[PDB]
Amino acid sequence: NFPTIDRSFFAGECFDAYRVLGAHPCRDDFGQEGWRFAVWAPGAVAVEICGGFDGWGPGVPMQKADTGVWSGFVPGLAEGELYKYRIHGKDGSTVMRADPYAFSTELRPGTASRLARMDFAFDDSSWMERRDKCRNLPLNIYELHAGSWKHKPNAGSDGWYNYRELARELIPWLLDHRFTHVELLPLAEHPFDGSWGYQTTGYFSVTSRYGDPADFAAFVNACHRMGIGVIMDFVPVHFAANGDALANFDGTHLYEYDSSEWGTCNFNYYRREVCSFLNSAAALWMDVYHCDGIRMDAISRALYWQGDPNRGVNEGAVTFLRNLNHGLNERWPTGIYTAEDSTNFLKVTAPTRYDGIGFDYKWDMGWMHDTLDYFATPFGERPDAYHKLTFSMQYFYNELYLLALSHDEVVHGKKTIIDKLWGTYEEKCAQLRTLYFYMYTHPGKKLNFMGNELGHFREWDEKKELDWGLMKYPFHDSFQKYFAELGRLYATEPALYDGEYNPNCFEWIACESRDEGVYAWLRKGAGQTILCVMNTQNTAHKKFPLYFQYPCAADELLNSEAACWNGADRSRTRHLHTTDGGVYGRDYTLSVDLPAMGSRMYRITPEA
């Protein structure tokens, strides 16, 4: 007696299809220990369970239910044994395939599925009870590729850390830099290291590059024990086009549309069982591996036909994503669900009830493009481009925006963040401190790809670890300490982390200083006040006036050009007070010395 798929599978409403489909340990009706197998292949005329158990011969015939789910049992197989399905397709094709619901796969280039128990010891119930979407908490995400952060000494695909070893090396770095979460590039199994995980073959198969399912579970458990969250990158728009993975699965276009980019195939959201596959693949990370959220790649290529709103909204994709976010929130309401959509056509982070797509956060792609465009601009041209930086706050409250400098910006000849900036080595270093000052003191949660905190010069290559040797240079060593201090201020100051999405918590102080290239604003989270001021010109400003409506003290919290961070400023004054007189409506002046390319943060204490 084989378990039946829940009817919700055929409704596109199943989030636990992996409890039935795939390979599972069980006893047959005669009490014999073995493994049951189930695969959805409704157009297939025959399917065999194949593996080492009969030396990769004819294998075990599966029985087809009128549901199109094939089932079979093999007695006595051990955890770790290899298997595949031989699928006799509607079109007369015969293809040996990885289990699409495999929980483990041999190391690429092998695709054989491995028998795996998915019963993991977690001791993170405390972490799970405390868990939050972080609307009014620090959310400071370290985006990481698991194969190219750090390699094992004296070895780099022989020199990969196991998930357990990676957790041991990574967690202290995250804690030291006040990162709250690691966002992993997709760990679903994939054949090509250089896809970075974005060309997926094994949606349920945590990649064997870095070890076994229990090793990844141990990674997540370790993060949770130390107060670190884990966000999984997820690829629901398209799958790798490999002929023996998901394409033409039953000898018909089953997972893909019955008729565009890369070596990938687009998922058919009008196929209910495909919606259940993707629901279940997202849920796997939350359920089996206790992940704290999902970042969904390339959502604009799902939302719009050919990724172009002018070609029309894909209403099937919109309903799929609304239903996916609904089901993830029903099961894991304190999970964090994110995407991006540079078209700004649909309301990505509005509740589905108000015709939104129901994501928690949206990457602010406009902020990233406009900010980097600005700091790439020659100093002489910045007065004309002044409002390139103020523009972000005109649309900021339209979505729940997350300020992201991701892996996509530091590859393919685009240059690393520091290498994008205009000027001399010294000017690039000074502006990099001010750029991240701006990122951490602009409202919205934060994401940074590994290497941003080192001031990396070399573009990301997944074949190489980060240039850890950069820390032998004062600039890079002091920079990663400065990055940690931004994290500490962000994590500890309610002005910065509380009420980020409340327009009453942000106020411009200097937003017309075009000639000077000076910007100043208040962050006013939780009734506390922090003044943020940055000079983006290559000349200092003496006693730059900032106009206040009330008299106040200002105590320096951060100086981006301090000796501490290899900066050029030696100023000693950290305590300022307003003078009486200013401009119409703002009768008080706080006068601040601004080093060339430098930023300062002040705690504001109003007079009573």
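We number the residues from 1 along the sequence you see.
- According to the record, the deposited sequence contains no missing residues between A121 and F122, so the chain is continuous there.
- As the entry records it, the average C-alpha temperature factor is higher for 339-347, out of 183-191 and 339-347.
- Annotation for 371-379 versus 203-211: the higher mean temperature factor (C-alpha) is found in 371-379.
- Considering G263, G487, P236, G358 together, the PDB entry gives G263 the largest C-alpha B factor.
- Highest CA B-factor among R433, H253, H290, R86, as stated in the entry: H253.
- In the deposited entry, the Cα temperature factor of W35 places it in the middle third of its chain's modelled residues.
- Sort the modelled residues of the chain by CA B factor and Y257 lands in the highest third.
- Sort the modelled residues of the chain by CA B factor and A596 lands in the highest third.
- Annotation for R178: CA B-factor lies in the middle third of the chain's modelled residues.
- When the modelled residues of the chain are ordered by C-alpha B-factor, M226 sits in the middle third.
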